[PDB]
file run07.cif (mmCIF, C-alpha atoms and all ligand atoms)
data_run
loop_
_atom_site.label_atom_id
_atom_site.label_comp_id
_atom_site.auth_asym_id
_atom_site.auth_seq_id
_atom_site.Cartn_x
_atom_site.Cartn_y
_atom_site.Cartn_z
CA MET I 1 25.68 -73.66 -71.00
CA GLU I 2 27.74 -70.43 -71.61
CA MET I 3 25.15 -67.73 -70.59
CA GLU I 4 26.08 -65.51 -73.66
CA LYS I 5 24.74 -68.34 -75.95
CA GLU I 6 21.71 -69.05 -73.66
CA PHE I 7 21.10 -65.22 -74.00
CA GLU I 8 21.02 -65.07 -77.85
CA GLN I 9 18.88 -68.31 -77.87
CA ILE I 10 16.27 -66.66 -75.51
CA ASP I 11 16.48 -63.30 -77.41
CA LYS I 12 16.10 -64.83 -80.92
CA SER I 13 13.14 -67.00 -79.61
CA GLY I 14 11.63 -64.01 -77.64
CA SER I 15 11.03 -66.30 -74.60
CA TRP I 16 12.06 -63.85 -71.78
CA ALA I 17 8.47 -63.87 -70.38
CA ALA I 18 8.40 -67.74 -70.36
CA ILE I 19 11.83 -68.06 -68.52
CA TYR I 20 10.72 -65.42 -65.95
CA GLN I 21 7.41 -67.22 -65.20
CA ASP I 22 9.36 -70.56 -64.68
CA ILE I 23 11.43 -68.78 -61.93
CA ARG I 24 8.25 -67.36 -60.30
CA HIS I 25 6.73 -70.91 -60.30
CA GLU I 26 9.82 -72.67 -58.72
CA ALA I 27 10.65 -69.88 -56.17
CA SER I 28 10.57 -70.74 -52.44
CA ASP I 29 7.53 -69.98 -50.25
CA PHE I 30 8.20 -69.48 -46.50
CA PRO I 31 6.07 -67.88 -43.78
CA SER I 32 6.09 -64.06 -43.13
CA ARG I 33 3.91 -64.14 -39.97
CA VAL I 34 5.73 -61.28 -38.10
CA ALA I 35 5.36 -58.91 -41.17
CA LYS I 36 1.53 -59.51 -41.23
CA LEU I 37 0.92 -58.72 -37.47
CA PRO I 38 -1.54 -55.79 -37.16
CA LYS I 39 0.98 -53.76 -34.99
CA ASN I 40 3.33 -53.75 -38.10
CA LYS I 41 0.93 -52.48 -40.79
CA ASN I 42 2.52 -48.94 -40.82
CA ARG I 43 6.08 -50.54 -41.06
CA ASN I 44 5.35 -52.00 -44.56
CA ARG I 45 5.36 -49.94 -47.77
CA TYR I 46 3.66 -52.65 -49.96
CA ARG I 47 1.12 -55.26 -48.70
CA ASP I 48 2.51 -57.91 -51.15
CA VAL I 49 6.30 -57.47 -50.21
CA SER I 50 7.29 -58.96 -46.83
CA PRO I 51 10.46 -60.46 -45.34
CA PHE I 52 10.38 -64.24 -44.50
CA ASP I 53 10.45 -64.95 -40.75
CA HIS I 54 13.59 -67.18 -41.03
CA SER I 55 15.82 -64.48 -42.70
CA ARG I 56 14.34 -61.16 -41.37
CA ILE I 57 16.60 -58.57 -39.67
CA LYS I 58 15.65 -58.00 -36.01
CA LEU I 59 16.01 -54.59 -34.31
CA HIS I 60 17.74 -54.82 -30.86
CA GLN I 61 14.82 -53.50 -28.75
CA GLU I 62 12.22 -55.31 -26.59
CA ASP I 63 9.31 -52.98 -27.71
CA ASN I 64 8.93 -54.11 -31.41
CA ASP I 65 11.88 -55.76 -33.26
CA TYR I 66 10.26 -55.59 -36.74
CA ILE I 67 11.69 -53.94 -39.94
CA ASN I 68 10.96 -54.82 -43.60
CA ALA I 69 14.52 -56.13 -44.24
CA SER I 70 16.14 -59.54 -45.09
CA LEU I 71 19.66 -61.04 -44.79
CA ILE I 72 20.73 -62.64 -48.11
CA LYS I 73 23.68 -65.01 -47.22
CA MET I 74 25.53 -66.39 -50.33
CA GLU I 75 27.61 -69.33 -48.91
CA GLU I 76 29.82 -70.23 -51.96
CA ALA I 77 30.42 -66.57 -53.01
CA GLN I 78 31.18 -65.60 -49.31
CA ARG I 79 29.03 -62.40 -49.58
CA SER I 80 26.10 -61.15 -47.38
CA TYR I 81 23.63 -58.34 -48.28
CA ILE I 82 20.72 -56.75 -46.38
CA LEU I 83 17.85 -55.96 -48.84
CA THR I 84 15.22 -53.53 -47.44
CA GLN I 85 12.38 -51.28 -48.65
CA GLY I 86 12.83 -47.51 -49.04
CA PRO I 87 12.20 -46.13 -45.51
CA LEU I 88 8.77 -44.68 -44.58
CA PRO I 89 8.21 -41.48 -42.53
CA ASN I 90 7.69 -43.62 -39.40
CA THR I 91 10.62 -46.08 -40.11
CA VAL I 92 13.58 -43.68 -40.82
CA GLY I 93 14.78 -44.14 -37.19
CA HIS I 94 14.48 -47.99 -37.48
CA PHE I 95 16.50 -47.88 -40.73
CA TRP I 96 19.51 -46.08 -39.09
CA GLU I 97 19.14 -48.29 -35.98
CA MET I 98 19.59 -51.36 -38.30
CA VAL I 99 22.66 -49.77 -40.02
CA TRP I 100 24.19 -49.16 -36.53
CA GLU I 101 23.34 -52.63 -35.04
CA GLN I 102 24.46 -54.65 -38.13
CA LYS I 103 27.83 -52.64 -38.40
CA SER I 104 27.25 -51.80 -42.07
CA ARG I 105 29.84 -49.51 -43.78
CA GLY I 106 27.73 -48.72 -46.94
CA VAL I 107 24.12 -47.91 -47.94
CA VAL I 108 23.24 -48.49 -51.65
CA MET I 109 20.17 -46.51 -52.97
CA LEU I 110 18.90 -47.39 -56.53
CA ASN I 111 15.83 -45.02 -56.68
CA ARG I 112 14.98 -41.26 -56.54
CA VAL I 113 12.82 -39.93 -53.63
CA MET I 114 10.17 -38.91 -56.28
CA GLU I 115 9.52 -41.01 -59.46
CA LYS I 116 6.42 -40.98 -61.76
CA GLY I 117 5.14 -37.97 -59.71
CA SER I 118 4.81 -40.01 -56.43
CA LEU I 119 7.03 -40.43 -53.34
CA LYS I 120 9.02 -43.73 -53.48
CA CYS I 121 10.92 -43.24 -50.13
CA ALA I 122 11.39 -40.73 -47.27
CA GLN I 123 14.15 -38.02 -47.39
CA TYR I 124 16.14 -40.09 -44.82
CA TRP I 125 19.60 -38.30 -44.97
CA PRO I 126 20.61 -34.61 -44.54
CA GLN I 127 21.05 -32.46 -47.64
CA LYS I 128 23.16 -29.65 -46.00
CA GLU I 129 26.27 -29.92 -43.78
CA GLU I 130 24.95 -27.43 -41.21
CA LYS I 131 21.39 -29.03 -40.87
CA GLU I 132 21.94 -32.44 -39.17
CA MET I 133 19.09 -34.96 -38.52
CA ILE I 134 18.23 -36.37 -35.08
CA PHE I 135 16.09 -39.57 -34.78
CA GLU I 136 14.61 -39.25 -31.24
CA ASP I 137 12.86 -42.70 -31.22
CA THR I 138 16.28 -44.54 -31.77
CA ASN I 139 18.67 -41.92 -30.22
CA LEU I 140 20.87 -41.40 -33.38
CA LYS I 141 22.37 -38.27 -35.06
CA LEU I 142 23.28 -38.15 -38.77
CA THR I 143 25.47 -35.39 -40.38
CA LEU I 144 26.38 -34.81 -44.03
CA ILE I 145 30.24 -34.63 -44.19
CA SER I 146 30.76 -34.32 -47.99
CA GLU I 147 29.00 -34.99 -51.31
CA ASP I 148 30.53 -35.97 -54.75
CA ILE I 149 27.88 -35.56 -57.55
CA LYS I 150 28.67 -37.37 -60.85
CA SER I 151 26.65 -37.92 -64.04
CA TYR I 152 25.17 -41.37 -63.17
CA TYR I 153 25.59 -41.49 -59.32
CA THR I 154 26.36 -39.46 -56.19
CA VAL I 155 28.62 -40.60 -53.29
CA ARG I 156 28.08 -39.07 -49.85
CA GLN I 157 30.15 -39.31 -46.64
CA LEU I 158 27.86 -39.38 -43.55
CA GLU I 159 28.64 -39.42 -39.82
CA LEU I 160 26.28 -41.55 -37.68
CA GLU I 161 26.48 -40.99 -33.92
CA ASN I 162 25.01 -43.27 -31.25
CA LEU I 163 23.83 -40.51 -28.84
CA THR I 164 23.68 -43.14 -26.00
CA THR I 165 27.47 -43.95 -26.09
CA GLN I 166 28.80 -40.97 -28.19
CA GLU I 167 30.48 -43.48 -30.58
CA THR I 168 30.60 -42.27 -34.23
CA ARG I 169 31.09 -44.15 -37.53
CA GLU I 170 31.61 -43.06 -41.11
CA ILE I 171 28.83 -44.45 -43.47
CA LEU I 172 29.20 -44.18 -47.26
CA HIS I 173 25.93 -43.51 -49.23
CA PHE I 174 26.11 -44.79 -52.85
CA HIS I 175 23.15 -43.25 -54.74
CA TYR I 176 22.48 -44.47 -58.32
CA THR I 177 20.39 -41.52 -59.68
CA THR I 178 19.71 -42.33 -63.39
CA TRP I 179 17.62 -45.55 -63.45
CA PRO I 180 14.68 -44.60 -65.78
CA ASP I 181 11.06 -44.14 -64.48
CA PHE I 182 9.94 -47.00 -66.89
CA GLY I 183 11.87 -50.06 -68.15
CA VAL I 184 15.62 -50.74 -67.54
CA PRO I 185 18.78 -48.94 -68.74
CA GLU I 186 19.68 -49.53 -72.43
CA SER I 187 23.39 -50.26 -71.61
CA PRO I 188 24.65 -51.84 -68.31
CA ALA I 189 27.85 -49.77 -68.51
CA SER I 190 26.93 -47.11 -65.89
CA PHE I 191 25.33 -49.74 -63.49
CA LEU I 192 28.60 -51.89 -63.67
CA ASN I 193 30.76 -48.75 -63.12
CA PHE I 194 28.61 -48.01 -60.01
CA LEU I 195 28.91 -51.61 -58.68
CA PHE I 196 32.76 -51.49 -58.97
CA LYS I 197 32.78 -48.09 -57.11
CA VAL I 198 30.83 -49.74 -54.24
CA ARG I 199 33.32 -52.72 -54.23
CA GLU I 200 36.37 -50.36 -54.26
CA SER I 201 35.06 -48.64 -51.11
CA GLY I 202 35.36 -51.79 -48.90
CA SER I 203 31.55 -51.67 -48.20
CA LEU I 204 31.04 -55.29 -49.57
CA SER I 205 34.08 -56.75 -47.73
CA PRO I 206 33.98 -59.23 -44.80
CA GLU I 207 35.68 -56.82 -42.35
CA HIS I 208 32.31 -54.89 -42.13
CA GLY I 209 28.67 -55.86 -41.52
CA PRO I 210 26.56 -56.50 -44.64
CA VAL I 211 25.89 -53.65 -47.10
CA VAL I 212 22.29 -52.25 -46.85
CA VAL I 213 20.67 -52.15 -50.35
CA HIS I 214 17.28 -50.62 -51.23
CA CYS I 215 15.00 -49.26 -53.97
CA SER I 216 11.28 -48.59 -53.32
CA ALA I 217 10.13 -52.23 -52.50
CA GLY I 218 13.68 -53.65 -52.06
CA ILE I 219 13.24 -56.56 -54.60
CA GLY I 220 13.56 -55.28 -58.21
CA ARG I 221 16.56 -52.97 -58.81
CA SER I 222 17.91 -54.21 -55.39
CA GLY I 223 17.68 -57.82 -56.73
CA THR I 224 19.58 -56.86 -59.90
CA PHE I 225 22.47 -55.31 -57.85
CA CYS I 226 23.13 -58.42 -55.62
CA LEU I 227 22.51 -61.00 -58.45
CA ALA I 228 25.11 -59.29 -60.74
CA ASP I 229 27.67 -58.91 -57.89
CA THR I 230 27.37 -62.60 -56.71
CA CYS I 231 27.44 -63.96 -60.33
CA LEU I 232 30.68 -62.00 -61.18
CA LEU I 233 32.35 -63.14 -57.87
CA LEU I 234 31.45 -66.82 -58.68
CA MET I 235 32.75 -66.60 -62.32
CA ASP I 236 36.12 -66.01 -60.50
CA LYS I 237 35.93 -68.82 -57.81
CA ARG I 238 35.21 -71.57 -60.43
CA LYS I 239 37.69 -73.52 -62.68
CA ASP I 240 34.97 -73.05 -65.38
CA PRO I 241 33.32 -69.58 -65.20
CA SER I 242 30.86 -71.04 -67.78
CA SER I 243 29.37 -73.22 -64.90
CA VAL I 244 27.70 -70.07 -63.43
CA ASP I 245 23.91 -70.47 -63.88
CA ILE I 246 22.24 -67.04 -63.25
CA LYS I 247 18.77 -68.69 -62.94
CA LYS I 248 20.10 -71.06 -60.20
CA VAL I 249 21.80 -68.14 -58.36
CA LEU I 250 18.49 -66.13 -58.45
CA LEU I 251 16.49 -69.11 -57.04
CA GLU I 252 19.07 -69.51 -54.23
CA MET I 253 18.72 -65.75 -53.41
CA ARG I 254 14.86 -66.11 -53.47
CA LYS I 255 15.18 -68.56 -50.56
CA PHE I 256 16.01 -65.42 -48.44
CA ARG I 257 13.68 -62.66 -49.82
CA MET I 258 10.54 -63.04 -52.01
CA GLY I 259 10.15 -61.54 -55.48
CA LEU I 260 13.80 -60.61 -56.36
CA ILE I 261 13.75 -59.40 -60.02
CA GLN I 262 10.22 -58.00 -60.67
CA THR I 263 9.97 -58.20 -64.54
CA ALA I 264 11.29 -60.17 -67.58
CA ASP I 265 13.11 -56.93 -68.66
CA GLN I 266 15.00 -56.82 -65.25
CA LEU I 267 15.96 -60.54 -65.81
CA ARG I 268 17.30 -59.74 -69.33
CA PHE I 269 19.18 -56.65 -68.02
CA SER I 270 20.77 -58.89 -65.25
CA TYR I 271 22.09 -61.29 -67.98
CA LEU I 272 23.47 -58.29 -69.98
CA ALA I 273 25.21 -56.80 -66.91
CA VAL I 274 26.90 -60.15 -65.98
CA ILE I 275 27.91 -60.92 -69.64
CA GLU I 276 29.47 -57.44 -70.02
CA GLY I 277 31.10 -57.31 -66.55
CA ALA I 278 32.73 -60.78 -67.07
CA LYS I 279 34.80 -59.14 -69.92
CA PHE I 280 36.64 -57.07 -67.20
CA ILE I 281 36.62 -59.84 -64.47
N1 LIG L 1 39.64 -67.43 -71.12
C1 LIG L 1 39.64 -67.13 -69.77
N2 LIG L 1 39.10 -67.88 -68.75
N3 LIG L 1 39.25 -67.35 -67.51
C2 LIG L 1 39.92 -66.18 -67.33
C3 LIG L 1 40.15 -65.40 -66.09
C4 LIG L 1 39.47 -65.74 -64.88
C5 LIG L 1 39.64 -65.00 -63.66
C6 LIG L 1 40.47 -63.88 -63.65
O1 LIG L 1 40.64 -63.15 -62.51
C7 LIG L 1 41.15 -63.48 -64.82
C8 LIG L 1 40.98 -64.23 -66.03
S1 LIG L 1 40.40 -65.63 -69.05
#
call {"tool": "encode", "arguments": {"input": "run07.cif", "output": "structure tokens"}}
result
Amino acid sequence: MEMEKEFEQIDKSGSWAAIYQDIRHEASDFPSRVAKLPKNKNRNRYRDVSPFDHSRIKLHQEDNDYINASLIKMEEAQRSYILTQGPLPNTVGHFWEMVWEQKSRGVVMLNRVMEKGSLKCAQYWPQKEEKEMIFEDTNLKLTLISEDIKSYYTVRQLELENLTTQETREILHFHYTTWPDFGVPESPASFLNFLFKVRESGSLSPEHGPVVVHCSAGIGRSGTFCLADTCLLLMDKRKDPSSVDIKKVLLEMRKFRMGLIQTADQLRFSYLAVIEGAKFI
């Protein structure tokens, strides 16, 4: 069923809350035993948001390999994403270790450091060229190279250095700065513009490790970003773009991380973004 018609049918009937609960009811349930170990309690931002054991990212160290991060592997679309939480004061070194080990080119950030008067994630990148950051626990150095500030997003060039080998890599930081404190954006136009800027960079392409995507919990806004991207790629691989079922794509993605899309308003916004983006695809 053409999703644009399914959309008007749900909207006219006001059944967004009913569709969303059906998804929550059918979603996969897999163990997260490593996330709930007592040694990991200070590695988790939210008690109710954990990575499944089968899909979790492992840090390459014998001490403790745990980070709140999942590999979402979309087989038909041929795209992979790492979804993670906003880093904590004691996990900023783990975060950059993961970026290094997984060979990521891009980091996508969909939140502000402060929202609703509370801290949603650590200040995990340098704000001035001449004041670099050193992570002593993971032996990494991070330098701000340049910054391009626009109306809806900021793009930063960073240099990450493995102090152990003196190898360096260029990381691009794509920071969407205008998602509102409550609700979802009114138009998907600036979110779609942002997504196509990330694509243009090469960050989502198979010659690199998976893109790292985060918000505060790494399931709501982060879920919207990967669902829209995968749906638009599929609408292009299929003889009948109309065969793309956004609810079936979301349940597939929920096999890899729990809770993707946190509200009925985020589900509706995801439909809007894909409907509007398809008009350019
Ligand atoms: N009426 C139409 N159905 N499909 C179209 C299409 C699909 C993929 C593209 O890359 C460009 C155009 S137009």
call {"tool": "closest_residue", "arguments": {"input": "run07.cif", "among": "I:167, I:147, I:2, I:213", "to": "ligand LIG 1 (chain L)", "atoms": "all atoms listed in the file"}}
result
I:2
call {"tool": "residues_around", "arguments": {"input": "run07.cif", "residues": "residue I:137", "least_positions_apart": "5", "cutoff": "12 Å", "atoms": "all atoms listed in the file", "output": "list in words"}}
result
residues 61, 63, 90, 91, 92, 93, 94, 95, 96, 97 and 163 of chain I
call {"tool": "write_last_selection", "arguments": {"input": "run07.cif", "atoms": "C-alpha atoms", "output": "compact mmCIF listing (two decimals), in the coordinates of the input"}}
result
# COMPACT_ATOMS: atom_id res chain seq x y z
CA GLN I 61 14.82 -53.50 -28.75
CA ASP I 63 9.31 -52.98 -27.71
CA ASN I 90 7.69 -43.62 -39.40
CA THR I 91 10.62 -46.08 -40.11
CA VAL I 92 13.58 -43.68 -40.82
CA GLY I 93 14.78 -44.14 -37.19
CA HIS I 94 14.48 -47.99 -37.48
CA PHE I 95 16.50 -47.88 -40.73
CA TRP I 96 19.51 -46.08 -39.09
CA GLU I 97 19.14 -48.29 -35.98
CA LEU I 163 23.83 -40.51 -28.84
call {"tool": "residues_around", "arguments": {"input": "run07.cif", "residues": "stretch 151-157 of chain I", "least_positions_apart": "3", "cutoff": "12 Å", "atoms": "all atoms listed in the file", "output": "count of residues only"}}
result
45
call {"tool": "atom_distance", "arguments": {"input": "run07.cif", "atom1": "atom CA of residue I:244", "atom2": "atom CA of residue I:182"}}
result
29.3 Å
call {"tool": "residues_near_point", "arguments": {"input": "run07.cif", "point": "(8.4, -56.4, -36.8)", "cutoff": "10 Å", "atoms": "all atoms listed in the file", "output": "short mmCIF file (atom, residue, chain, number, x, y, z; two decimals) with C-alpha atoms, in the coordinates of the input"}}
result
data_model
loop_
_atom_site.label_atom_id
_atom_site.label_comp_id
_atom_site.auth_asym_id
_atom_site.auth_seq_id
_atom_site.Cartn_x
_atom_site.Cartn_y
_atom_site.Cartn_z
CA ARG I 33 3.91 -64.14 -39.97
CA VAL I 34 5.73 -61.28 -38.10
CA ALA I 35 5.36 -58.91 -41.17
CA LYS I 36 1.53 -59.51 -41.23
CA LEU I 37 0.92 -58.72 -37.47
CA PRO I 38 -1.54 -55.79 -37.16
CA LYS I 39 0.98 -53.76 -34.99
CA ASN I 40 3.33 -53.75 -38.10
CA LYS I 41 0.93 -52.48 -40.79
CA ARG I 43 6.08 -50.54 -41.06
CA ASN I 44 5.35 -52.00 -44.56
CA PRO I 51 10.46 -60.46 -45.34
CA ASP I 53 10.45 -64.95 -40.75
CA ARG I 56 14.34 -61.16 -41.37
CA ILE I 57 16.60 -58.57 -39.67
CA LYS I 58 15.65 -58.00 -36.01
CA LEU I 59 16.01 -54.59 -34.31
CA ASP I 63 9.31 -52.98 -27.71
CA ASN I 64 8.93 -54.11 -31.41
CA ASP I 65 11.88 -55.76 -33.26
CA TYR I 66 10.26 -55.59 -36.74
CA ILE I 67 11.69 -53.94 -39.94
CA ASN I 68 10.96 -54.82 -43.60
CA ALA I 69 14.52 -56.13 -44.24
#
call {"tool": "residues_around", "arguments": {"input": "run07.cif", "residues": "residue I:254", "least_positions_apart": "2", "cutoff": "12 Å", "atoms": "all atoms listed in the file", "output": "PyMOL selection string"}}
result
chain I and resi 23-30+51-52+55+70-74+83+219-220+223+226-227+247-252+256-262
call {"tool": "residues_near_ligand", "arguments": {"input": "run07.cif", "ligand": "ligand LIG 1 (chain L)", "cutoff": "9 Å", "atoms": "only C-alpha atoms and all ligand atoms", "output": "JSON, numbers by chain"}}
result
{"I": [235, 236, 237, 238, 239, 240, 241, 242, 278, 279, 280, 281]}
call {"tool": "write_last_selection", "arguments": {"input": "run07.cif", "atoms": "C-alpha atoms", "output": "PDB file, in the frame of the given file"}}
result
ATOM      1  CA  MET I 235      32.750 -66.600 -62.320  1.00  0.00           C
ATOM      2  CA  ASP I 236      36.120 -66.010 -60.500  1.00  0.00           C
ATOM      3  CA  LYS I 237      35.930 -68.820 -57.810  1.00  0.00           C
ATOM      4  CA  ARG I 238      35.210 -71.570 -60.430  1.00  0.00           C
ATOM      5  CA  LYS I 239      37.690 -73.520 -62.680  1.00  0.00           C
ATOM      6  CA  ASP I 240      34.970 -73.050 -65.380  1.00  0.00           C
ATOM      7  CA  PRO I 241      33.320 -69.580 -65.200  1.00  0.00           C
ATOM      8  CA  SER I 242      30.860 -71.040 -67.780  1.00  0.00           C
ATOM      9  CA  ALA I 278      32.730 -60.780 -67.070  1.00  0.00           C
ATOM     10  CA  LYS I 279      34.800 -59.140 -69.920  1.00  0.00           C
ATOM     11  CA  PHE I 280      36.640 -57.070 -67.200  1.00  0.00           C
ATOM     12  CA  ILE I 281      36.620 -59.840 -64.470  1.00  0.00           C
TER      13      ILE I 281
END
call {"tool": "build_atoms", "arguments": {"input": "run07.cif", "residues": "stretch 116-132 of chain I", "atoms": "N, CA and C atoms", "output": "CSV table (one decimal), in the frame of the given file"}}
result
chain,number,residue,atom,x,y,z
I,116,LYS,N,7.8,-40.9,-61.2
I,116,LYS,CA,6.4,-41.0,-61.8
I,116,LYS,C,5.5,-40.1,-61.0
I,117,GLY,N,6.0,-38.9,-60.4
I,117,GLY,CA,5.1,-38.0,-59.7
I,117,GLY,C,4.7,-38.4,-58.3
I,118,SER,N,5.2,-39.5,-57.8
I,118,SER,CA,4.8,-40.0,-56.4
I,118,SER,C,6.0,-40.2,-55.6
I,119,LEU,N,5.9,-40.2,-54.3
I,119,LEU,CA,7.0,-40.4,-53.3
I,119,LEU,C,7.3,-41.9,-53.2
I,120,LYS,N,8.6,-42.3,-53.5
I,120,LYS,CA,9.0,-43.7,-53.5
I,120,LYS,C,9.8,-44.1,-52.2
I,121,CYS,N,10.3,-43.1,-51.4
I,121,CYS,CA,10.9,-43.2,-50.1
I,121,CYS,C,11.1,-41.9,-49.5
I,122,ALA,N,11.2,-41.9,-48.1
I,122,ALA,CA,11.4,-40.7,-47.3
I,122,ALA,C,12.8,-40.1,-47.6
I,123,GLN,N,12.9,-38.8,-47.3
I,123,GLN,CA,14.2,-38.0,-47.4
I,123,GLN,C,14.9,-38.4,-46.1
I,124,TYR,N,15.7,-39.4,-46.1
I,124,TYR,CA,16.1,-40.1,-44.8
I,124,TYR,C,17.6,-39.7,-44.5
I,125,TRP,N,18.2,-38.8,-45.3
I,125,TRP,CA,19.6,-38.3,-45.0
I,125,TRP,C,19.6,-36.8,-45.1
I,126,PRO,N,20.6,-36.1,-44.5
I,126,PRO,CA,20.6,-34.6,-44.5
I,126,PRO,C,21.2,-34.1,-45.9
I,127,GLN,N,20.7,-33.0,-46.3
I,127,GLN,CA,21.0,-32.5,-47.6
I,127,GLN,C,22.0,-31.3,-47.5
I,128,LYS,N,22.2,-30.7,-46.3
I,128,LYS,CA,23.2,-29.6,-46.0
I,128,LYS,C,24.0,-30.0,-44.8
I,129,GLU,N,25.3,-29.7,-44.9
I,129,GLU,CA,26.3,-29.9,-43.8
I,129,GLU,C,25.7,-29.4,-42.5
I,130,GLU,N,25.3,-28.1,-42.5
I,130,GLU,CA,25.0,-27.4,-41.2
I,130,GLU,C,23.5,-27.8,-40.7
I,131,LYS,N,22.7,-28.6,-41.4
I,131,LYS,CA,21.4,-29.0,-40.9
I,131,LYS,C,21.4,-30.6,-40.6
I,132,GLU,N,21.9,-31.0,-39.5
I,132,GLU,CA,21.9,-32.4,-39.2
I,132,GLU,C,20.5,-33.0,-38.8
